[PDB]
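Working notes, structure below.
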Amino acid sequence: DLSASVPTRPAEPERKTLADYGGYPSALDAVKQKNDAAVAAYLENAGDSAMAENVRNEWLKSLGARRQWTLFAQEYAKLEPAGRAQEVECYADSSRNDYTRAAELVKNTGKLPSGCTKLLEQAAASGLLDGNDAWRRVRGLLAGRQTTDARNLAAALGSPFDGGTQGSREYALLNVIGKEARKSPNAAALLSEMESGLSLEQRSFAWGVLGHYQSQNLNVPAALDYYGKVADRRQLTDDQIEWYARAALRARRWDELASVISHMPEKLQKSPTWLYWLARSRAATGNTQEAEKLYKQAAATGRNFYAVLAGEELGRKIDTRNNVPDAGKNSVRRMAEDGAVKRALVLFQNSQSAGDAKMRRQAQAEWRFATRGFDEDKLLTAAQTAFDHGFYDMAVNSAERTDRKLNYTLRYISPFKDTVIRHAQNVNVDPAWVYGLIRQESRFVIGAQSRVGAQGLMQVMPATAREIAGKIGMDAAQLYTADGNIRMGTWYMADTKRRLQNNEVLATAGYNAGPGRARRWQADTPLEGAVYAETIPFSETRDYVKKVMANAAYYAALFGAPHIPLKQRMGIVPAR
Ligand SMILES: CC(=O)N[C@@H]1[C@@H](O)[C@H](O[C@@H]2O[C@H](CO)[C@@H](O)[C@H](O)[C@H]2NC(C)=O)[C@@H](CO)O[C@H]1O
Numbered sequence: 041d042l043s044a045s046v047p048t049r050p051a052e053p054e055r056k057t058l059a060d061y062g063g064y065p066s067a068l069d070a071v072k073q074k075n076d077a078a079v080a081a082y083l084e085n086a087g088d089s090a091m092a093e094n095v096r097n098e099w100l101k102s103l104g105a106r107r108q109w110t111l112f113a114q115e116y117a118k119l120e121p122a123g124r125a126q127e128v129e130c131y132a133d134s135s136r137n138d139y140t141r142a143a144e145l146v147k148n149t150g151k152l153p154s155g156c157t158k159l160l161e162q163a164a165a166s167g168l169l170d171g172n173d174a175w176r177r178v179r180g181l182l183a184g185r186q187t188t189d190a191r192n193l194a195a196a197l198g199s200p201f202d203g204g205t206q207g208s209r210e211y212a213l214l215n216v217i218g219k220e221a222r223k224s225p226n227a228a229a230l231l232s233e234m235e236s237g238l239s240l241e242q243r244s245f246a247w248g249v250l251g252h253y254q255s256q257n258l259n260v261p262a263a264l265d266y267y268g269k270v271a272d273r274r275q276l277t278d279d280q281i282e283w284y285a286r287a288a289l290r291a292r293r294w295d296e297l298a299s300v301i302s303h304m305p306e307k308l309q310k311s312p313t314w315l316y317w318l319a320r321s322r323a324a325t326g327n328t329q330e331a332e333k334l335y336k337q338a339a340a341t342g343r344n345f346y347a348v349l350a351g352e353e354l355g356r357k358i359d360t361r362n363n364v365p366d367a368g369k370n371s372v373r374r375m376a377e378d379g380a381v382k383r384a385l386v387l388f389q390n391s392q393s394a395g396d397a398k399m400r401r402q403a404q405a406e407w408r409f410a411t412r413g414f415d416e417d418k419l420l421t422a423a424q425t426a427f428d429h430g431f432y433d434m435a436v437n438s439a440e441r442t443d444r445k446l447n448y449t450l451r452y453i454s455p456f457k458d459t460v461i462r463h464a465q466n467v468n469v470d471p472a473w474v475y476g477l478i479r480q481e482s483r484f485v486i487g488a489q490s491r492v493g494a495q496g497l498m499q500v501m502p503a504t505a506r507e508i509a510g511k512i513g514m515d516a517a518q519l520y521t522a523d524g525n526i527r528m529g530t531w532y533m534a535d536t537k538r539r540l541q542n543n544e545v546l547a548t549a550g551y552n553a554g555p556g557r558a559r560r561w562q563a564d565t566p567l568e569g570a571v572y573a574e575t576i577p578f579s580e581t582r583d584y585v586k587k588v589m590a591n592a593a594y595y596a597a598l599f600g601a602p603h604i605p606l607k608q609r610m611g612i613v614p615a616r
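For the sequence shown, position 482 (counting from the first letter as 1) is numbered 522 according to the entry's author numbering, and the numbering increases by one without interruption.
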């Protein structure tokens, strides 16, 4: 059974929730304006809410930047630890001269928030950083065009870019590893020329930069040539070493793939991606028992693309039967009386009645806040509460967070079947695939709006909507209605597929990145579908295709169509 236990945090009246929200954007503005008195006034009588936690975190980032440490410590003491932002924890630890977090943070080779960047610079200056990892970060920052941060870290390490020592040499290497320099037809030739005067670490990193650029440009032979010159693979950034694995994968070099994976950080080796591909490599080289152990490990990672593929190699088909009962209705009712859950529901229902999309986004924040500490039974109760109130994305948000207790009908909800199934049938596309795409694009939020203006359940861009409307006799603004949105998106799935050799994997990539890109990523030979997906150069699209296709496998199982293994759904991507 599922436990009937629900939280009973103090509830506030709707009026109070709405009054607090009325002041929430101004409180964030007051942080930006450094109006500390106004922020304090907003927080003074605030409920214990995500609104308060969000304002307090943003305030603390500003207080830490401005070195107002007494006010910082006072307010930091009011945040729950699971609620403290990364940059706020870094400012707090810096204020106590505590550099414990540095050992892990320095392994990041990309841009970090200012508080965390400064924590690492302070650790460096006190000799508290691993030298190998510190200089790897300096190199990473140079390659990612974060030159100021690179410069400041090198200085803190005691070897500044103008000091004639290590720092100056790493900076000079920009003639090879720069953003544009790495693309030069002469980059490899220039690196080969200056190589004798470079350290083992600088040479390894620099070939990794060149290999990465080729690999992401899908010049696999050149990528493997340059990556083959990396003598110390642990010097590579995470993105560089994954792109070495991707090149070996694309070339079907199973032994080289297995070798590269074994040099990855443990965190990357234990990812579903590299558990599964190492398993495939062991299988391809006749190591059946090692393959099986790895497939089991990948299948244990839950509800995702590579876990399903790994299960299939083990003879396990997807199974969407729930392994827990429905939550009891009294518990579903009483969950909505918890003060933090209620607050989220108040903001959600008022966002609907009032047509306030910003309010709806804060309602999502209240939901995540309210459910943050929940055990699996409370998550599944709360998922049904959210579904009943029409808060569909939060129903999925809570249901998908479990590990052991699995409710697939709440993980893979299918509202709007009286519209989506018909539109999908009308252009002859698989409705499980459409649902899989909607779940990834909008999580069934009908008015969803991306950072760049993609709109609605299927996240069609306005420029694309205008083009589609011109082809199928619609008006462009029907993009912003549910029924028009589903008609546009399903038609565009079918049209994009028609334009990409009728292949569903290519179509999924083309829907997100444009068909011209999807076609650019094909090879001159056929590719296994999962190999095309894993070697997509755009990180967002690569993630997107795997999620949409895993989603589609789960929906197909709930919908009861004849069984299609995910491996079969991925199939073979044709040669260009
Ligand atoms: C669903 C949606 O709107 N998707 C957008 C993409 O398909 C869009 O790609 C661009 O779309 C146009 C229509 O096919 C093309 O004229 C344009 O060439 C195409 N880009 C190509 C082909 O490379 C991408 C961004 O380009 O964003 C999606 O959200």
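Yeah, the Cβ is synthetic: ideal placement off N, Cα and C, and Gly gets one too.
Residue 167 is not a Cβ neighbour of residue 130, given a cutoff of 8 Å. Counting only unbroken stretches of 4 or more residues, the alpha helix (DSSP H) elements lying wholly within the region 206-288 are 206-212, 214-217, 227-234, 240-256, 260-267, in sequence order.
Here the C-alpha atom of residue 84 lies approximately 25 Å from the C-alpha atom of residue 133.
Exposure of residue 240 is indicated by the presence of fewer than 16 other C-beta atoms within 10 angstroms of its C-beta. Apart from sequence neighbours up to five positions away, no residue of its chain approaches residue 58 with a beta-carbon distance below 6 Å.
In the three-state reduction of the DSSP assignment, residue 358 falls in the coil class, being assigned neither a helical nor a strand state.
Annotated three-state conformation of residue 613 is strand, per DSSP. Taking residue 361 as the centre and dropping the five residues before and after it, the same chain places the C-beta of 448 closer than 8 Å to its C-beta, in chain order.
For residue 499, same chain residues with a beta-carbon under 7 Å away, outside a window of 5 residues either side, are 481, 482, 488, 490 in chain order. Between the region 64-79 and the region 98-106 there are three or more C-beta pairs closer than 8 Å, enough to call the two in contact. Under the three-state reduction of DSSP, residue 495 is assigned to strand.
Residue side-chain check: residue 501 places its Cβ nearer than 7 Å to a non-hydrogen atom of ligand 1.
Residue 584 has its Cβ no nearer than 7 Å to any heavy atom of ligand 1. Remark: the C-beta of residue 521 is outside contact range of ligand 1, defined as less than 7 Å to any heavy atom. For ligand 1, no non-hydrogen atom lies closer than 7 Å to the CB of residue 488. Annotation for residue 409: the continuous alpha helix (DSSP H) segment containing it runs 397-410. Going by DSSP, residue 203 is part of no alpha helix (DSSP H) at all; its letter is neither H nor E. Annotated as proximal: residue 541 and residue 614, with beta-carbon spacing under 8 Å.
Residue 354 is classed as exposed because its beta carbon has fewer than 16 other beta carbons within 10 Å across all chains shown. The beta carbon of residue 98 sits no closer than 7 Å to any heavy atom of ligand 1. C-alpha of residue 507 to C-alpha of residue 182: approximately 41 Å in a straight line. The three-state reading of DSSP puts residue 146 in coil, since its state is none of H, G, I, E or B. The C-alpha of residue 191 lies about 43 Å from the C-alpha of residue 433.
By a beta-carbon distance limit of 8 Å, residue 314 contacts residue 308. Their separation comes to about 6 Å. Apart from sequence neighbours up to five positions away, the residues of its chain that approach residue 530 with a beta-carbon distance below 7 Å are 463, 464, 467, 469, 474, ordered along the chain. The DSSP-derived three-state label of residue 467 is coil. One alpha carbon belongs to residue 246, the other to residue 577, and they sit about 20 Å apart. By the beta-carbon neighbour count (other beta carbons within 10 angstroms, threshold 16), residue 143 is exposed. Residue side-chain check: residue 600 keeps its Cβ at 7 Å or more from all non-hydrogen atoms of ligand 1. Taken atom to atom, the span from the alpha-carbon of residue 274 to that of residue 179 is near 13 Å. According to DSSP, residue 500 shares a beta bridge with 495. Not one heavy atom of ligand 1 is found less than 7 Å from the C-beta of residue 577. In this structure, residue 552 has its CB closer than 7 Å to one or more heavy atoms of ligand 1. About 6 Å separates the CB atoms of residue 157 and residue 189; that is less than 8 Å, so the two are in contact. The beta-bridge partner set that DSSP reports for residue 568 consists of 612. Distance from the C-beta of residue 121 to the nearest heavy atom of ligand 1 is not below 7 Å.
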